[PDB]
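Reckoned from all heavy atoms, side chains included, excluding hydrogens, waters and symmetry mates. Sequence lines set the chain letters: A, B, ... in the order given, protein chains first and strands last, and positions in each chain run from 1.
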Amino acid sequence: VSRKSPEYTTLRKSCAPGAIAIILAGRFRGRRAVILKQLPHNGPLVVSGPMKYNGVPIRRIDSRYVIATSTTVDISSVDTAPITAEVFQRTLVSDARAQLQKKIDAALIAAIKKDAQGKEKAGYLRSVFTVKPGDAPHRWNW
Amino acid sequence: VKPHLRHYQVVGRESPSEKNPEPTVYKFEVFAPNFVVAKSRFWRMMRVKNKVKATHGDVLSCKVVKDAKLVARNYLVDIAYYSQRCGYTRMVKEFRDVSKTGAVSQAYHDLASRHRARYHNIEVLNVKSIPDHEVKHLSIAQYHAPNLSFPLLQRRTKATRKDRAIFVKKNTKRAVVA
Amino acid sequence: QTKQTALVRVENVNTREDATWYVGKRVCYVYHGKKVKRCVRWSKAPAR
Amino acid sequence: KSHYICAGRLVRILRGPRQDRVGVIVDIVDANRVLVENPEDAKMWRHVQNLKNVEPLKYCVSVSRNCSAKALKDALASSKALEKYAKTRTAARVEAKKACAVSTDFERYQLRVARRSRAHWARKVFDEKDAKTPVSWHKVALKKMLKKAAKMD
RNA sequence: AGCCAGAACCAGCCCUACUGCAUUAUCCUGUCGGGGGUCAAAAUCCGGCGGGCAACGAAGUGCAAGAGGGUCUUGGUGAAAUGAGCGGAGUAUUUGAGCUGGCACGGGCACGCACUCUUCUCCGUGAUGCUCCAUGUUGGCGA
RNA sequence: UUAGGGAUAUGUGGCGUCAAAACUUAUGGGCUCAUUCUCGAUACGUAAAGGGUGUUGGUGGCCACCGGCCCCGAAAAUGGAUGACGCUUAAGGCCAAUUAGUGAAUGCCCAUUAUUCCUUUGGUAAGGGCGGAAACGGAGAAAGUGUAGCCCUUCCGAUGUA
RNA sequence: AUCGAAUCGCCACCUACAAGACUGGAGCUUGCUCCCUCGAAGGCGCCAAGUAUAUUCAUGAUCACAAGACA
Ligand SMILES: [Mg+2]
Ligand SMILES: [Mg+2]
Ligand SMILES: [Mg+2]
Ligand SMILES: [Mg+2]
Ligand code: NA
């Protein structure tokens, strides 16, 4: 409750863990990922592809550069990802992060498969979002 | 859409005095855009017919009379209007509408178009719904025919405001610009 | 004219209710100069 | 041919808050205005409509002018014009438009894959039939060149 | 911490959210008679008397009280944060709405004057600081 | 009706293009066709009698009279002016709306004006501090018309020839 | 050869033609009825050459001209 406490957040309810989000900026613009959690002290979200489907690794992202759709996946993974995982000292991946990626991605894929509509959800995660001529994004539901 | 004039009943009197301890109470029916204009018309009528000024008068009541249920009827409207050249002229005209306020609004627009007469130069003497067998004008009588039917020709149909376009493909519906 | 405010017309946005959706969004004008000058990530990403 | 404006005629609303709803004409005021009502719809109580805002359909329930609600409800039910209107392709197009307006990113993806599947199978079938009867430009050219290649080369 | 970006939070300001009471009668509804018209009967219309709330968006009648978005339109990151908003303590307090027992109001009281539903309450930080300036987070650029 | 600048909202005037605004609004009603200056269309500001079955309505008895738009009546000196182009299911003329018989106060655009915020300057200006508390984040602290203004806080005015 | 640059849908199914007092075809009751193409969509394209447990993506580290490119 206390604003100084790290548990304090103000994230909008749409960006809840297990929601499928569209990336709007950065190297992975247009891909679809799954929101895992929000870092403490009202920090960024962390998302993963999983990397098998669309090639998006575990990554931090501001909630203002994401569209959180209404499609959800039930997640019950170990979610042992603190702030220290993304802090570095003052094709190459460390042998700890490389292991964390697998440990999370296997559980996430098991969750998607266990979900109903699993095949459709997998294809949905593989597809790419773009703005076509004649499109009106301001009129849509998400 | 809805008529621009409302129907008001205004009841008033002159303020009592030692000369007139119990003044006469008067009732007035007017069609006006709001109750302030309605009261202005009431006090003008009192001034020109009863020699009573607003500065020595009381307004007992001022309300709006509700319309009846919407039904297609014939309305006879007895109206009068002034102009400098002709003078004061009195007309009786029949209209088709669904309410008294609608018929009177029709009459005001009609007078504005065919005689250039403005609101403050017009007095409405009466308005009432009449039966089908008292209609004199054939242009109104034609709508009683029980077999009335006609097609809609030469229509100017516009698209919904969200779908309007500037340039479209000639035989299709695709928009090129907007 | 007052040049501190610009007017922008966007494709398929033809209504005031439509245009309200974009209040707060970021906007960019892209062009080119005559020489190569400094940019974001001039050192990290020389491809830019 | 054209559908005349008459008492008992079915219409569809074009613009405004009642857009794409069906009513029945119960009275004609003048050349511009009619009274419309549909008892089996929530927002279609008896009201006034301008004749530029309506679309006359092909059905007419046979009733007299300024009829009662009781006499119009059963006349509709007996005519079964609503069950007939629900089977045309313009009615289905209206329902499809509403369904498309209310749709999520997942449903748009589903529609995209359905259309892609249809196109793939269509082009496969076309290739198979063009093998028998050559109708493509490349097959017409191939058959035109085969006779020439049979000589010499 | 120099320069240039992005996001968050606090104070202020500016927008959009969330709203009840009165009034309906020239009205609503059922019969009877008339009048109307049709191929027959219904309606528009008038007069008798029986009831009444047109009450899901019924009036477009009068008066209304009910946190989400900006701040490259401001200042800041707690160097005295005065807060219904930050803290301590409990669970009750008292605002209305229904329903209750002298004078007023009209020719009975629609409920003026005096003595069950519905909501959060009480307490706190002076300047031995007269004035000014010095305090976040994440990247880009600068070795 | 005017100090130097932001934001919000208005006045007169507007919303087919020139030219910001109905990307040519409405789920409002009438009326009007004009062929060599010519239908008409922002006041102040630069044509009359009399005629017309052209078309639309009104009064009284198919008639006589009174209206609305339009047409004759209407003839000068460089080529030229609703400001130009153009407009006729108007972009004209009279009336009336605000997203429309749905169910509740403000469609939109533009000022050296209004409200509000920042800074300057001047007042018939209005308050406060100025015996160095002590110790040891930084410095300063003047009894003062006027300064690089002794230092803070507050309110109101600001154009101008001779 | 200078040259780095702004632009971000493709098609040998649109890329033929007329009408809007009227328009798929019949009737005769000429404004209704009946038939069926049902009279309100150019085709594709948007990440497995196609709807199916196939498959490399990271360190380009949280926005920055898309560090890509003419399907
Ligand atoms: Mg413009
Ligand atoms: Mg001063
Ligand atoms: Mg001066
Ligand atoms: Mg680039
Ligand atoms: Na002009």
Side-chain angles (χ1 to χ4, degrees), chain A residues 10 25-27 29 42 44 51-52 55-62 64-65 86 88 91-93 97 101 113 123 126-130 132-133, chain B residues 2 4 6 9 63-66 68-74 83 86 89 91 98 105-106 108-110 112-116 118 129-133 146 149 153-154 156 164 166 169 171-174 178, chain C residues 7 9 14 23-24 28 30-33 36 38 40-45 47-48, chain D residues 1-2 4 13-18 43 47-50 52-53 60 64-67 88-90 93 112-113 116-117 119-120 137:
Chain A
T10 62
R27 177 192 185 171
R29 54 175 69 78
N42 219 15
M51 190 167 80
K52 148 178 289 305
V56 183
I58 281 179
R59 230 162 171 269
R60 295 187 294 179
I61 192 167
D62 221 287
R64 290 305 185 184
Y65 300 96
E86 278 104 16
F88 52 70
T91 190
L92 182 164
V93 171
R97 166 99 50 110
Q101 167 93 62
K113 287 172 88 327
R126 289 189 192 95
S127 76
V128 174
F129 164 79
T130 172
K132 305 190 305 298
Chain B
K2 280 181 176 168
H4 72 292
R6 294 122 179 92
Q9 198 205 30
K63 332 197 309 302
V64 34
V65 202
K66 83 159 71 164
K69 285 246 192 155
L70 293 197
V71 171
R73 321 170 218 248
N74 326 70
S83 91
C86 354
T89 317
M91 315 210 312
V98 302
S105 309
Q106 261 204 93
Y108 272 86
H109 290 321
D110 173 280
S113 167
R114 298 191 215 261
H115 296 103
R116 310 317 214 196
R118 266 59 158 218
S129 42
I130 67 185
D132 257 35
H133 67 256
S149 84
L153 300 174
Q154 264 178 113
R156 171 56 176 286
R164 66 197 208 278
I166 282 134
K169 281 231 219 175
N171 294 300
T172 93
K173 254 88 170 49
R174 294 247 200 112
Chain C
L7 294 179
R9 144 83 57 205
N14 58 6
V23 173
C28 179
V30 178
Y31 64 104
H32 69 78
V36 176
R38 284 323 198 85
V40 180
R41 294 199 171 81
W42 166 279
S43 276
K44 298 259 148 49
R48 298 197 80 246
Chain D
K1 215 153 191 18
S2 34
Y4 284 24
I13 314 303
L14 298 175
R15 301 207 280 177
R18 285 178 175 113
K43 303 297 217 192
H47 67 277
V48 177
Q49 282 271 337
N50 207 267
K52 267 134 42 172
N53 203 43
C60 183
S64 325
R65 311 171 54 153
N66 180 9
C67 65
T88 66
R89 326 265 38 81
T90 206
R93 191 71 81 75
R112 182 158 75 244
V113 319
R116 224 212 311 271
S117 206
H120 172 263
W137 73 267

query = Taking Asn66(D) for the side chain and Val71(B) for the main chain, is one N or O donor matched with an acceptor at less than 3.5 Å?
reply = no

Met51(A) CE to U55(G) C1', in whole Å, measures 12 Å

Q) Under 4.0 Å between a side-chain N or O of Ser117(D) and OP1 or OP2 of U51(G)? A) yes

For nucleotides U17(F) and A26(F), find the distance between their P atoms and express it as a whole number of Å.
-> 16 Å

- Item | Sugar-phosphate, base or nothing in reach of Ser43(C), heavy atoms under 4.0 Å | sugar-phosphate

In whole angstroms, the gap separating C1' of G36(E) from CZ of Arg65(D) amounts to 15 Å

Atom CZ of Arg97(A) and atom P of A61(G) are separated, to the nearest Å, by 12 Å

For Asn66(D), report the nucleic acid contact type (base, sugar-phosphate, nothing); a contact means any heavy atom under 4.0 Å. sugar-phosphate

Taking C46(G), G31(G), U51(G) as options, the one with an atom nearest any side-chain atom of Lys1(D) is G31(G)

Value for NZ (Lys52(D)) from CG (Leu14(D)), rounded to nearest 0.5 Å, stands at 12.0 Å

- Determine the contact category for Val56(A): base if any of its heavy atoms lies under 4.0 Å from a base atom, sugar-phosphate if only primed atoms, P, OP1 or OP2 are that close, otherwise nothing. nothing

Indicate yes if the six-membered rings of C34(G) and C35(G) are centred less than 5.5 Å apart and inclined by less than 30°, otherwise no. yes

Sign check on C1'-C2'-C3'-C4' at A49(F) (positive = north, negative = south) puts the sugar north

For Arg73(B), answer base if it contacts any base atom (sugar-phosphate contacts may also be present), sugar-phosphate if it contacts only those atoms, and nothing otherwise; contact means non-hydrogen atoms under 4.0 Å. sugar-phosphate

*asked:* If we ignore hydrogens and angles and just use 3.5 Å, is the side chain of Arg116(B) paired with the main-chain N or O of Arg114(B) as donor and acceptor?
replied: no

Quiz prompt | Planes under 30° and centres under 5.5 Å for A16(G) and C17(G) | solution = yes

message: Taking donor-acceptor contacts at under 3.5 Å, does the side chain of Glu86(A) reach the base of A61(G)?
response: no

### Task
Check for a donor-acceptor pair, side chain of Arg156(B) on one end and backbone N or O of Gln154(B) on the other, with a separation under 3.5 Å.
no

Quick note, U154(F): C1'-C2'-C3'-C4' sign places the sugar (positive north, negative south) north

- [ ] Name the nucleic acid region contacted by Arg9(C), choosing base, sugar-phosphate or nothing; use a 4.0 angstrom heavy-atom cut-off, strictly under.
- [x] base

Whole-Å distance, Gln101(A) CD to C57(G) P, equals 8 Å

Check: Quick one: are the six-membered base rings of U12(F) and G13(F) within stacking range, meaning centres under 5.5 Å apart and planes under 30 degrees?
Finding: yes

Taking only the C1' atom of each, what is the distance from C13(G) to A41(G) in whole angstrom? 15 Å

When rounded to whole Å, the CZ to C1' distance for the pair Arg126(A) and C57(G) reads 14 Å

Of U102(F), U55(G), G30(F), the nucleotide closest to the side chain of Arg114(B) is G30(F)

Rounded to whole Å, the CG-P distance (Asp132(B) to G37(E)) equals 10 Å

> When you compare the six-membered rings of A74(F) and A75(F), are they both close enough (centres under 5.5 Å) and flat enough to each other (planes under 30°) to count as stacked?
Replying inline: no

| said: On the side chain of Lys43(D), is there an atom forming a donor-acceptor pair with the base of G103(F) - under 3.5 Å, no angle test? | reply: yes

**Study point:** Whole-angstrom distance between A5(G) and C44(G), as gauged at atom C1'
**Key:** 33 Å

Taking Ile58(A)'s backbone N and O only, do any of them form a donor-acceptor pair with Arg97(A)'s side chain (distance below 3.5 Å, no angle check)? no

In whole angstroms, the gap separating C1' of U102(F) from NZ of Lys2(B) amounts to 7 Å

Relative to its sugar, using the 90° cut-off around 0, the base of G20(G) is syn

| message | Stacking test, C11(G) against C10(G): centre separation of the six-membered rings below 5.5 Å and plane angle below 30 degrees, yes or no? | response | yes

Under 3.5 Å, N/O pairs linking protein and nucleotides 42-45 of chain G:
| unit_1 | atom_1 | unit_2 | atom_2 | d |
| --- | --- | --- | --- | --- |
| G42(G) | OP1 | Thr172(B) | OG1 | 3.4 |
| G42(G) | OP1 | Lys173(B) | N | 3.0 |
| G42(G) | OP2 | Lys173(B) | N | 3.4 |
| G42(G) | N7 | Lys169(B) | NZ | 3.2 |
| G42(G) | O6 | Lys169(B) | NZ | 3.1 |
| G43(G) | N7 | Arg174(B) | NH2 | 2.5 |
| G43(G) | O6 | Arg174(B) | NH1 | 3.1 |
| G43(G) | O6 | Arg174(B) | NH2 | 3.3 |
| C44(G) | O3' | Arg123(D) | NH2 | 3.4 |
| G45(G) | OP1 | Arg123(D) | NH2 | 3.3 |

inquiry  = Work out how far the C1' atom of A134(F) is from that of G129(E), and round it to whole angstrom.
reply    = 13 Å

Winner on side-chain proximity to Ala178(B), out of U89(F), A21(G), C23(F), is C23(F)

Per the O4'-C1'-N9-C4 / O4'-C1'-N1-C2 angle with a 90° window around 0, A67(E) comes out syn

What do you reckon, do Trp137(D) and the base of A12(G) stack, with centroid distance below 5.5 Å and planes below 30°?
yes

Would you say whether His32(C) stacks on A5(G)? The test is a distance between ring centres of less than 5.5 Å and an angle between planes of less than 30°. yes

Taking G39(G), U61(E), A21(G) as options, the one with an atom nearest any side-chain atom of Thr88(D) is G39(G)

Would you measure the distance from the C1' atom in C150(F) across to the matching atom in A141(F) and give it in whole Å?
8 Å

Fill in: Sidechain-backbone polar pair: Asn74(B) side chain, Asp132(B) backbone, donor-acceptor under 3.5 Å
no

With syn meaning chi within 90° of zero and anything else anti, the base of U121(E) is syn

Discussion item. If I pick the P atom on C10(G) and the same atom on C22(G), what distance separates them, to the nearest angstrom?
Written reply: 43 Å

(request) For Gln9(B), report the nucleic acid contact type (base, sugar-phosphate, nothing); a contact means any heavy atom under 4.0 Å. (result) base

By nearest-nucleotide position on RNA chain G, the 5'-leaning member of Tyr31(C) and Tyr4(D) is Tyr31(C)

Which of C141(E), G29(F), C23(F) is nearest the side chain of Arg38(C)? It is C141(E)

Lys69(B) NZ to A25(E) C1', in whole Å, measures 15 Å

When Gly33(C) and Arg93(D) are each assigned the nearest nucleotide of RNA chain G, the 5'-most assignment goes to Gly33(C)

With the side chain defined as heavy atoms from C-beta on, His109(B) is closest, among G29(F), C46(G), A7(E), to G29(F)

Per-nt protein contacts along nucleotides 63-71 of chain G (heavy atom under 4.0 Å; B base, S backbone sugar-phosphate only, - none) come out as SBBSB----

Sugar pucker at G107(E), from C1'-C2'-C3'-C4' (positive north, negative south), flagged north

